[PDB]
Structure formats: structure tokens, C-alpha cells
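What follows is the content of model-v2.cif (mmCIF, C-alpha atoms).
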```cif
data_my_file
#
loop_
_atom_site.label_atom_id
_atom_site.label_comp_id
_atom_site.auth_asym_id
_atom_site.auth_seq_id
_atom_site.Cartn_x
_atom_site.Cartn_y
_atom_site.Cartn_z
CA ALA A 1 -19.31 -1.31 -2.37
CA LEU A 2 -15.52 -0.92 -2.45
CA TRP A 3 -13.98 0.22 0.83
CA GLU A 4 -10.80 -1.85 1.25
CA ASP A 5 -8.65 0.79 -0.46
CA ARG A 6 -10.43 3.81 1.05
CA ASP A 7 -10.72 3.13 4.80
CA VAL A 8 -8.67 1.93 7.77
CA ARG A 9 -10.75 -0.52 9.78
CA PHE A 10 -10.12 -2.35 13.04
CA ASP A 11 -11.44 -5.70 14.28
CA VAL A 12 -12.61 -6.69 10.83
CA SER A 13 -15.02 -9.55 10.18
CA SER A 14 -13.41 -12.67 8.74
CA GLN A 15 -15.53 -12.16 5.61
CA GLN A 16 -14.00 -8.74 4.96
CA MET A 17 -10.51 -10.00 5.82
CA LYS A 18 -10.95 -12.15 2.69
CA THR A 19 -9.98 -11.21 -0.85
CA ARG A 20 -12.53 -8.92 -2.47
CA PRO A 21 -13.35 -10.15 -6.02
CA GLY A 22 -11.05 -7.73 -7.86
CA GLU A 23 -8.41 -7.98 -5.12
CA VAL A 24 -5.38 -10.27 -5.34
CA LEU A 25 -2.96 -11.29 -2.60
CA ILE A 26 0.64 -10.22 -3.20
CA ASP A 27 2.70 -11.30 -0.19
CA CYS A 28 2.54 -12.53 3.40
CA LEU A 29 4.70 -13.01 6.48
CA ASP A 30 4.18 -14.85 9.76
CA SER A 31 5.23 -13.82 13.30
CA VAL A 32 4.82 -10.13 12.45
CA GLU A 33 3.97 -8.37 15.71
CA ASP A 34 1.77 -5.34 16.32
CA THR A 35 3.43 -2.33 17.93
CA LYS A 36 1.68 0.98 18.56
CA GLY A 37 -0.55 -1.44 20.44
CA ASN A 38 1.41 -2.63 23.47
CA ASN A 39 -0.35 -5.97 23.82
CA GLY A 40 2.60 -8.08 22.70
CA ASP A 41 0.19 -9.92 20.41
CA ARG A 42 1.98 -11.90 17.71
CA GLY A 43 0.24 -12.04 14.35
CA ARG A 44 0.58 -12.31 10.60
CA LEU A 45 0.83 -9.60 7.95
CA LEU A 46 -0.57 -9.80 4.43
CA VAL A 47 0.01 -7.37 1.56
CA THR A 48 -2.74 -7.53 -1.06
CA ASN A 49 -3.65 -5.66 -4.23
CA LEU A 50 -5.41 -2.88 -2.34
CA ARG A 51 -4.51 -3.00 1.35
CA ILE A 52 -2.41 -4.42 4.17
CA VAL A 53 -4.17 -6.76 6.60
CA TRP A 54 -2.69 -7.82 9.93
CA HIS A 55 -4.36 -10.44 12.11
CA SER A 56 -3.43 -11.99 15.42
CA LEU A 57 -2.86 -15.56 14.13
CA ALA A 58 -4.01 -16.72 17.57
CA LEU A 59 -7.20 -14.67 18.12
CA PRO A 60 -7.92 -13.40 14.59
CA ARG A 61 -10.78 -11.35 16.00
CA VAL A 62 -8.29 -8.54 16.68
CA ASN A 63 -6.93 -7.33 13.35
CA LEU A 64 -6.27 -4.31 11.16
CA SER A 65 -7.02 -3.38 7.54
CA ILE A 66 -5.20 -0.38 6.07
CA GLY A 67 -5.96 0.88 2.57
CA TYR A 68 -3.39 2.22 0.14
CA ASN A 69 -5.38 5.38 -0.59
CA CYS A 70 -5.06 6.06 3.14
CA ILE A 71 -1.31 5.59 3.70
CA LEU A 72 0.78 8.76 3.58
CA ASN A 73 4.17 7.59 4.87
CA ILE A 74 5.51 4.03 4.54
CA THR A 75 9.04 3.68 5.93
CA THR A 76 11.36 0.82 6.82
CA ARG A 77 13.44 0.77 10.02
CA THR A 78 16.42 -1.60 9.91
CA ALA A 79 17.81 -1.60 13.46
CA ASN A 80 18.26 -3.94 16.43
CA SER A 81 21.94 -4.89 16.10
CA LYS A 82 23.99 -7.97 17.05
CA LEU A 83 22.06 -8.71 20.30
CA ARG A 84 19.92 -10.76 17.93
CA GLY A 85 19.44 -10.63 14.19
CA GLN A 86 18.28 -7.43 12.52
CA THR A 87 14.59 -7.43 13.44
CA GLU A 88 13.39 -5.11 10.70
CA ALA A 89 10.38 -2.94 11.51
CA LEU A 90 7.85 -1.13 9.34
CA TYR A 91 6.23 2.25 10.03
CA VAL A 92 2.92 3.06 8.35
CA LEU A 93 1.39 6.53 8.76
CA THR A 94 -2.14 7.09 7.48
CA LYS A 95 -4.87 9.74 7.34
CA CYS A 96 -8.38 8.26 7.28
CA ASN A 97 -11.68 10.08 7.93
CA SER A 98 -9.61 13.10 9.02
CA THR A 99 -7.55 11.36 11.70
CA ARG A 100 -3.88 10.38 11.73
CA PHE A 101 -3.06 6.75 12.52
CA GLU A 102 0.34 5.14 13.04
CA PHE A 103 1.09 1.41 12.85
CA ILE A 104 4.38 -0.31 13.71
CA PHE A 105 4.96 -3.83 12.40
CA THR A 106 7.95 -5.66 13.87
CA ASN A 107 9.20 -8.86 12.22
CA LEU A 108 10.01 -11.02 15.25
CA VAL A 109 12.00 -13.59 13.27
CA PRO A 110 15.49 -12.03 13.06
CA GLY A 111 15.84 -12.46 9.30
CA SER A 112 15.22 -9.46 7.08
CA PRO A 113 11.81 -9.87 5.39
CA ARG A 114 11.26 -9.44 1.67
CA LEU A 115 7.67 -8.43 2.42
CA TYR A 116 8.60 -4.85 3.30
CA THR A 117 9.88 -4.23 -0.25
CA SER A 118 6.88 -5.73 -2.05
CA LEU A 119 4.71 -3.56 0.21
CA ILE A 120 6.30 -0.31 -0.95
CA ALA A 121 6.44 -1.45 -4.58
CA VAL A 122 2.75 -2.34 -4.74
CA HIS A 123 1.89 0.88 -2.91
CA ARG A 124 3.84 2.83 -5.54
CA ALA A 125 1.92 1.01 -8.27
CA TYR A 126 -1.37 1.77 -6.51
CA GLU A 127 -0.63 5.49 -6.25
CA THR A 128 0.65 5.70 -9.84
CA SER A 129 -2.42 3.87 -11.21
CA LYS A 130 -5.25 6.09 -9.94
CA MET A 131 -6.55 6.80 -13.45
CA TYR A 132 -8.17 3.36 -13.26
CA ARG A 133 -10.39 3.95 -10.25
CA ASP A 134 -11.09 7.66 -9.80
CA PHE A 135 -12.92 10.61 -11.33
CA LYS A 136 -10.82 13.19 -13.16
CA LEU A 137 -11.70 16.59 -14.60
CA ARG A 138 -9.82 18.59 -17.26
CA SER A 139 -6.75 16.37 -16.84
CA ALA A 140 -4.16 15.39 -19.47
CA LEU A 141 -5.88 12.57 -21.35
CA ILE A 142 -5.23 13.46 -25.00
CA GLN A 143 -1.94 13.69 -26.88
CA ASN A 144 -3.13 14.77 -30.34
CA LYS A 145 -6.81 14.20 -31.22
CA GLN A 146 -6.14 10.79 -29.63
CA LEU A 147 -6.47 9.31 -26.16
CA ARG A 148 -3.59 8.15 -23.98
CA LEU A 149 -4.15 4.59 -22.84
CA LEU A 150 -3.57 3.14 -19.39
CA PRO A 151 -1.37 0.04 -18.93
CA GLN A 152 -4.30 -2.41 -18.94
CA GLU A 153 -6.69 -0.66 -21.31
CA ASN A 154 -8.12 -1.10 -24.79
CA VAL A 155 -10.26 1.55 -26.46
CA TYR A 156 -13.45 -0.07 -27.71
CA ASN A 157 -15.29 2.70 -29.56
CA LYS A 158 -14.94 6.36 -30.51
CA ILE A 159 -18.11 8.42 -31.07
CA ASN A 160 -18.11 11.93 -32.55
CA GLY A 161 -20.43 14.90 -32.23
CA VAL A 162 -20.93 14.08 -28.53
CA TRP A 163 -22.19 17.25 -26.85
CA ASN A 164 -21.91 17.90 -23.11
CA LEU A 165 -25.06 18.82 -21.21
CA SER A 166 -23.11 20.63 -18.50
CA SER A 167 -21.78 23.68 -20.41
CA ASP A 168 -22.96 25.92 -23.23
CA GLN A 169 -20.08 26.88 -25.56
CA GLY A 170 -17.34 24.22 -25.57
CA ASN A 171 -19.67 21.31 -26.27
CA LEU A 172 -18.98 19.45 -29.53
CA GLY A 173 -16.63 16.69 -28.41
CA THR A 174 -15.53 13.09 -28.84
CA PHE A 175 -16.39 10.09 -26.64
CA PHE A 176 -14.03 7.17 -26.04
CA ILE A 177 -15.63 4.05 -24.57
CA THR A 178 -13.00 1.68 -23.16
CA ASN A 179 -12.85 -1.39 -20.95
CA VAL A 180 -11.85 0.72 -17.94
CA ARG A 181 -13.45 4.15 -18.44
CA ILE A 182 -15.55 6.41 -20.64
CA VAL A 183 -13.95 9.74 -21.51
CA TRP A 184 -15.26 12.81 -23.30
CA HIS A 185 -13.02 15.55 -24.66
CA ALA A 186 -14.03 18.72 -26.49
CA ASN A 187 -12.87 19.35 -30.05
CA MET A 188 -11.78 22.92 -29.37
CA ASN A 189 -10.10 23.37 -25.97
CA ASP A 190 -9.06 19.73 -25.70
CA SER A 191 -8.25 20.53 -22.07
CA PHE A 192 -12.00 20.40 -21.35
CA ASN A 193 -12.31 16.67 -20.81
CA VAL A 194 -13.88 14.25 -18.35
CA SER A 195 -12.95 10.66 -17.56
CA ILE A 196 -15.34 8.44 -15.61
CA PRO A 197 -14.18 4.93 -14.65
CA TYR A 198 -16.63 2.04 -14.48
CA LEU A 199 -15.80 1.68 -10.78
CA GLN A 200 -17.42 5.09 -10.23
CA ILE A 201 -20.27 4.78 -12.78
CA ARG A 202 -23.42 3.72 -10.89
CA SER A 203 -26.10 3.96 -13.59
CA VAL A 204 -26.10 4.68 -17.33
CA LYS A 205 -29.44 5.49 -18.95
CA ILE A 206 -31.30 7.85 -21.29
CA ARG A 207 -33.27 10.93 -20.20
CA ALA A 208 -30.06 12.53 -23.80
CA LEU A 209 -27.60 10.13 -22.17
CA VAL A 210 -27.09 10.34 -18.41
CA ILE A 211 -24.30 8.86 -16.30
CA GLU A 212 -24.96 8.89 -12.56
CA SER A 213 -21.82 8.23 -10.52
CA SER A 214 -21.29 6.73 -7.09
CA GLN A 215 -22.32 9.01 -4.23
CA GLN A 216 -19.58 7.38 -2.13
CA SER A 217 -16.97 9.40 -4.05
CA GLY A 218 -19.06 12.25 -5.43
CA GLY A 219 -22.40 11.87 -7.17
CA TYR A 220 -22.23 13.63 -10.53
CA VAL A 221 -24.94 13.76 -13.19
CA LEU A 222 -23.18 13.89 -16.57
CA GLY A 223 -25.31 14.36 -19.67
CA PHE A 224 -24.28 13.90 -23.30
CA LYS A 225 -26.43 14.32 -26.41
CA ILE A 226 -25.83 12.44 -29.68
CA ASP A 227 -27.47 13.27 -33.00
CA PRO A 228 -28.69 9.83 -34.18
CA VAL A 229 -30.73 8.14 -31.45
CA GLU A 230 -29.68 4.80 -32.95
CA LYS A 231 -26.02 5.42 -32.10
CA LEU A 232 -27.24 6.77 -28.76
CA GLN A 233 -28.87 3.50 -27.72
CA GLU A 234 -26.01 1.49 -29.26
CA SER A 235 -23.53 3.37 -27.07
CA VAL A 236 -25.78 2.92 -24.03
CA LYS A 237 -25.83 -0.84 -24.67
CA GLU A 238 -22.05 -1.00 -25.06
CA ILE A 239 -21.41 1.09 -21.94
CA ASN A 240 -23.72 -0.94 -19.71
CA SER A 241 -22.39 -4.27 -21.02
CA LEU A 242 -18.84 -3.11 -20.31
CA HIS A 243 -19.88 -1.92 -16.86
CA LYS A 244 -21.31 -5.32 -15.97
CA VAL A 245 -18.40 -7.31 -17.41
CA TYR A 246 -16.04 -5.01 -15.46
CA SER A 247 -18.16 -5.24 -12.27
CA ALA A 248 -17.89 -9.08 -12.07
CA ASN A 249 -14.08 -8.81 -11.73
CA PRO A 250 -12.71 -5.23 -11.24
CA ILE A 251 -9.28 -4.57 -12.88
CA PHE A 252 -7.90 -1.83 -10.53
CA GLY A 253 -4.83 -1.45 -12.75
CA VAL A 254 -2.39 -2.14 -9.91
CA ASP A 255 0.58 -3.52 -11.85
CA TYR A 256 2.71 -6.20 -10.20
CA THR A 257 -14.56 -0.53 18.20
CA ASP A 258 -12.65 1.58 20.73
CA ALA A 259 -9.39 -0.17 19.81
CA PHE A 260 -8.51 2.41 17.15
CA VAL A 261 -7.81 4.86 20.00
CA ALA A 262 -4.57 2.97 20.61
CA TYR A 263 -3.29 3.68 17.08
CA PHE A 264 -3.24 7.49 17.11
CA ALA A 265 -0.34 9.09 15.26
CA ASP A 266 -0.81 12.37 17.12
CA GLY A 267 -1.59 10.90 20.52
CA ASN A 268 -4.82 11.32 22.50
CA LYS A 269 -6.05 13.58 19.68
CA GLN A 270 -8.21 12.75 16.66
CA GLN A 271 -9.66 16.03 15.34
CA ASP A 272 -8.11 19.35 14.33
CA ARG A 273 -9.81 22.54 15.46
CA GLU A 274 -10.81 24.99 12.76
CA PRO A 275 -7.90 26.81 11.04
CA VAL A 276 -8.04 30.55 11.74
CA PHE A 277 -5.57 33.34 11.00
CA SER A 278 -2.98 34.32 13.61
CA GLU A 279 -2.14 38.01 13.66
CA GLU A 280 0.97 37.24 15.71
CA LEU A 281 2.62 34.94 13.16
CA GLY A 282 0.86 36.22 10.05
CA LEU A 283 -0.03 32.66 9.02
CA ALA A 284 -3.01 30.35 9.15
CA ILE A 285 -2.85 28.42 12.41
CA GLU A 286 -5.40 26.07 13.90
CA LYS A 287 -7.72 27.65 16.45
CA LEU A 288 -5.99 27.90 19.80
CA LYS A 289 -7.40 26.26 22.90
CA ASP A 290 -9.08 28.45 25.51
CA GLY A 291 -6.20 29.28 27.85
CA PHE A 292 -3.23 28.76 25.55
CA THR A 293 -1.42 31.37 23.46
CA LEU A 294 1.25 31.17 20.79
CA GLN A 295 4.05 32.60 22.94
CA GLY A 296 2.95 30.44 25.87
CA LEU A 297 3.09 27.33 23.71
CA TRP A 298 6.39 28.21 22.02
CA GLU A 299 8.34 28.57 25.26
CA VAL A 300 9.61 25.50 27.08
CA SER B 1 67.86 -26.70 17.34
CA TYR B 2 66.32 -27.74 20.65
CA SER B 3 63.94 -30.63 20.82
CA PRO B 4 60.23 -29.95 21.38
CA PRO B 5 58.70 -30.66 24.79
CA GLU B 6 56.24 -33.16 23.32
CA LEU B 7 55.75 -34.68 19.87
CA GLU B 8 51.98 -34.30 20.26
CA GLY B 9 49.85 -32.19 17.96
CA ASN B 10 46.36 -30.78 18.17
CA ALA B 11 43.79 -30.09 15.45
CA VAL B 12 40.91 -27.88 16.59
CA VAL B 13 37.80 -27.18 14.51
CA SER B 14 35.17 -24.54 15.23
CA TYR B 15 31.80 -24.38 13.50
CA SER B 16 28.30 -22.99 14.00
CA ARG B 17 25.13 -25.05 14.43
CA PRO B 18 22.11 -23.31 12.84
CA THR B 19 19.25 -23.28 15.33
CA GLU B 20 15.79 -21.79 15.85
CA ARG B 21 16.66 -19.02 18.32
CA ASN B 22 19.67 -17.78 16.32
CA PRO B 23 19.90 -18.29 12.53
CA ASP B 24 23.67 -17.76 12.76
CA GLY B 25 23.87 -20.81 15.00
CA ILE B 26 25.49 -21.61 18.33
CA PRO B 27 29.30 -21.66 18.09
CA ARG B 28 30.78 -25.08 18.88
CA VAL B 29 34.35 -26.41 18.98
CA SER B 30 35.83 -29.92 18.89
CA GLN B 31 39.44 -31.07 18.87
CA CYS B 32 41.55 -34.14 18.11
CA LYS B 33 45.10 -35.13 19.02
CA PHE B 34 47.78 -36.87 16.98
CA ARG B 35 51.23 -38.15 17.94
CA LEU B 36 54.17 -37.44 15.65
CA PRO B 37 56.85 -40.10 15.08
CA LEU B 38 60.06 -39.94 17.10
CA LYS B 39 62.05 -40.31 13.88
CA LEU B 40 61.11 -36.76 12.88
CA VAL B 41 63.40 -35.05 15.39
CA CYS B 42 65.88 -37.86 16.05
CA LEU B 43 68.34 -40.29 14.46
CA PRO B 44 70.55 -43.09 15.77
CA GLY B 45 74.02 -42.21 16.95
CA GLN B 46 77.04 -43.46 18.87
CA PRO B 47 76.00 -44.53 22.40
CA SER B 48 78.10 -42.81 25.05
CA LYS B 49 79.04 -44.63 28.25
CA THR B 50 79.29 -42.19 31.19
#
```

Take the structure I supplied and represent it as C-alpha cells, if you would.
Amino acid sequence: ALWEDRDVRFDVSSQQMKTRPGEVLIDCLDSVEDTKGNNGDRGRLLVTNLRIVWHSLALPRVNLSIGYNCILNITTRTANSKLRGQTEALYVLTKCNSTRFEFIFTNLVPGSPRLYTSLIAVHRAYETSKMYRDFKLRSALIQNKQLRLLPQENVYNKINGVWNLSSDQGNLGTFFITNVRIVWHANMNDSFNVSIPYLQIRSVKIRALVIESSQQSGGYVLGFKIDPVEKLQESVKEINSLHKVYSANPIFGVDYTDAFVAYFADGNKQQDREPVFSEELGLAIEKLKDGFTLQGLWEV
Amino acid sequence: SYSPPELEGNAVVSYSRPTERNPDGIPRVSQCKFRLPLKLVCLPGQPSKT
């Protein structure tokens, strides 16, 4: 399963620190050091298609893997004046499994590194290319009775009369089978459309056509009925063949244990209490601790 | 009008050696001396006596 773009893992196995099949390395830099962990441990930073991997370069057991669908704030800090060269630093701020992590990567060699620009550029491409690798409902996929193609996408076939076995009135639609996703859009109300990428499709079969999607990012059961069963099985064949040829090398469309405690963005806190309503402020505020109050926390 | 205290001359050069600690290099300085000819600030004349 694909996790290198979805999670933030610590002390990764040397087999998972290696390029996943669809992944490609983009850039690298040596002597990068790990701050927000005050071990002084030199290392090496690597920016890949889907994530940033830091490893100690002396004891590669201790290392970090941060996915791009987990980073919220990527900033560059150019500081550290004449005393030495400008040791540029990088500040990554992430939210994984409902917890805020903060990583500081300091380039010990005084030169300014070109890695910190490629990082942000590939992260921008990742965020702007999520139509390749995610499930989308009722989005803007059709200009005028015609699909809108991704950067790396070719439409393979276009089937008509494709009903949707999830509604009852807006059913008669069109089905585009591509090399990156299968989409269905209604004839009337062309804003009723679905787009399932092969990365999410887990099993295509007939039951009259059923797509079962990955339970790791929402397990949906999408059913479509076609009038001639011949075209039905033909489309099933095409879809499954495309799924397997995509599975061998994923595209991804990107154009170009207790150690985690030390990397808290908040600080000694990893879970937010339940948001309740505060009658004092008139806003939704997270549930207060036992003794504390709003006016006792506001004062200094 | 007056004559210089010495006909010497100095040429000083200052450069930077690029090293591993500092990529702008240690500053270093070396100098050389030359000796100008007496016939720049002098000519023959009538020799006085006392």
C-alpha cells in the first residue's frame, strides 16, 4: 500500500527509506542537520517525488520520512550573518494523524543550498496535482460535454448510456476510461460526476459493474449499469488491464518509536480536546481543562 | 621640490585563500620591495668646494 505521501514516520526501515516503485528522487544534500531534536546529529536530506527523507548519515537507523500530503507550512529561514556563511535553515510544519509536528533542517555547510527551492517547487506540484491520486465528487471535470485532461493523461474510451447505481433520477451518464482514472458524469446536471483514480480502485468486477475502492482512503461501492453486456465486459477488461499496467509503475502526476515526542509543533501536547461552545466568547473553543477558565488563561 | 627620504618602493598584494572552514577564504598578504634609480630625482651639477 502507498503511505509515503500520507504519513510522517520516524526511525524508518532501510527498505522503506528506498524509492517506492512510482517514486522518483528529485534532490539531495549532505551535512543537513536535524534541529527540533537537540542531538546535534549530522545527517543527509533527500527530496523525492512524494516525501522528504532525512537520515543520520552516520547511524541511519535514526531518520525521518515526511509526506507532502502532510506538510502544511514549508518556509525558508535565511539568517546567521557574517560570523560564518549564511547557514540557511528550513522549517517544515505538518499535521499527521491529528498531531502537529515541526522539523528544522539546518544546512551546516555555509553555502546557500539549492535543495530548499526544489523542495517547495515539487511540493507545489504535488498539491496542485491531486486529481491524479484522490477521490473526487461533483467536482469540475467537464468543460462542454467533454472531459478536462490532466497533464499526464490520455482518454482511452468513452462509453454512453452509463447509469449510476447510487441515485434514482440523474442517472443516464457518460463514462471516460483513461490511463489515470475512470470518470462518470451525468448527461443532465453535468455537475453530478465522479472521478476514481486507479490508485484508489481496489477491485473492478461485475455483480452491473462494481468498483470497490481502497478502504485506506474511503471504501466506496460504485455501481454502473450498461445496456449491452458485451460492452459491459469489454469495459471491465479495459479497466482492469489499465489498473494493472498503472499498478506496476504508478504515475502520481507530480510534474518536475517514542522519538516522535521530540518533534511536537505544539510542545508536550499531541491531541486536542473536543471543541465545545463558549458562552463567554460566543465562539467554538476547545474544551477547557478542569481548573482553567477563559479569563484566567487570557491574563498574564 | 624636496628629495624623498628613500628611493625605495613597496608593492603589497592581498588575496583570499579558499578553504574548507570558510568558503570566502582566509585573507593573506604578501609584499615586495623595489629600489628606484638615483637618476630619477638627481642630475650632475657643478661641484662646490666649501

For this session: Grab the atom CA of residue A:138 to atom CA of residue A:186 distance for me, in Å with one decimal place.
Result: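 Separating atom CA of residue A:138 from atom CA of residue A:186 is a distance of 10.1 Å.
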
Any idea which chain B residues end up within 10 Å of chain A if we count all atoms listed in the file, as a short mmCIF file (atom, residue, chain, number, x, y, z; two decimals) with C-alpha atoms, in the coordinates of the input please?
```cif
data_model
loop_
_atom_site.label_atom_id
_atom_site.label_comp_id
_atom_site.auth_asym_id
_atom_site.auth_seq_id
_atom_site.Cartn_x
_atom_site.Cartn_y
_atom_site.Cartn_z
CA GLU B 20 15.79 -21.79 15.85
CA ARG B 21 16.66 -19.02 18.32
CA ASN B 22 19.67 -17.78 16.32
CA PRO B 23 19.90 -18.29 12.53
CA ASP B 24 23.67 -17.76 12.76
#
```

Problem set entry | Target residues per the PyMOL selection byres ((chain A and resi 61-78) around 8), formatted as a ChimeraX atom specification | /A:4-14,17,50-56,59-60,79-80,86-96,116,120,123,126-127

Within 8 Å of (42.7, -36.5, 19.6) in the file's own coordinates, which protein, DNA or RNA residues have an atom, counting all atoms listed in the file? List them as a tab-separated table (two decimals) with C-alpha atoms, keeping the file's coordinate frame.
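Below is the file that was written, selection_34.tsv:
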```tsv
chain	number	residue	atom	x	y	z
B	10	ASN	CA	46.36	-30.78	18.17
B	11	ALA	CA	43.79	-30.09	15.45
B	31	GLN	CA	39.44	-31.07	18.87
B	32	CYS	CA	41.55	-34.14	18.11
B	33	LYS	CA	45.10	-35.13	19.02
B	34	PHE	CA	47.78	-36.87	16.98
```

Problem set entry | Nearby residues (only C-alpha atoms) at most 10 Å from stretch 37-40 of chain B, same-chain spacing under 3 positions excluded, as an MDAnalysis selection string | chainID B and resid 6:8 34 43:44

For this session: Could you jot down the atom CA of residue A:205 to atom CA of residue A:151 separation for me, Å, one decimal place?
Result: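 Answer for the atom CA of residue A:205 to atom CA of residue A:151 separation: 28.6 Å.
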